[PDB]
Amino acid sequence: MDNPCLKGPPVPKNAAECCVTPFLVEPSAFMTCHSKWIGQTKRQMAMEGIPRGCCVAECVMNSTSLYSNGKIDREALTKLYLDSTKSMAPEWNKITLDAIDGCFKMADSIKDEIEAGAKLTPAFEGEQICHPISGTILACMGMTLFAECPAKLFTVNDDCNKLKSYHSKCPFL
């Protein structure tokens, strides 16, 4: 099938306007990584075969010293997400801990595909190969946190319904 994520979000509305979610990196550090790697990330969405590792995510993980030779430091990642939740609604503690558990469980279930993705060779000019672990975790975290948002903390409007639909399958890039 055609990659649904090639369409981009259906509305340019900032997701924070739908729900304020926990984070692992400050927006400024995320934007630096996004600007550097979005170009090739979009190209990789239009390539068949084994999913190609997302460099935007590896950049984010490197900015927080969480990534090392195909592994993510779960202890340090949990500490960072929990830090962001300290002044948030109390519902976020459990939602965050459950989201981390589910994302690491999912990553383990696709270990072989992730490992094969790490071994891919550049398929176009200047493509940088990144290990898929960072994107596997980060994509899952963002989508799960947004979907678990309590209705009392979620903006119930048409544009946020569109973002809920889009982001149930497509990660925050």
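Note that residue numbering follows the sequence shown and begins at 1.
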Item to complete: Using the B-factors recorded in the PDB entry, average over the C-alpha atoms of 26-34 and of 53-61, then report which stretch comes out higher.
Response: 26-34
Practice prompt. Name the higher of the two by mean Cα B-factor in the PDB entry, 133-141 versus 115-123.
Written response: 115-123
Worksheet item: Based on the entry's values, in what third of the chain does the Cα temperature factor of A89 lie: lowest, middle or highest?
Response: highest
Item to complete: Could you look up the Cα B-factor of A76 in the entry and say which third of the chain it sits in: lowest, middle or highest?
Response: highest
Worksheet entry | Entry-reported Cα temperature factor of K169, expressed as the chain third it lands in | middle
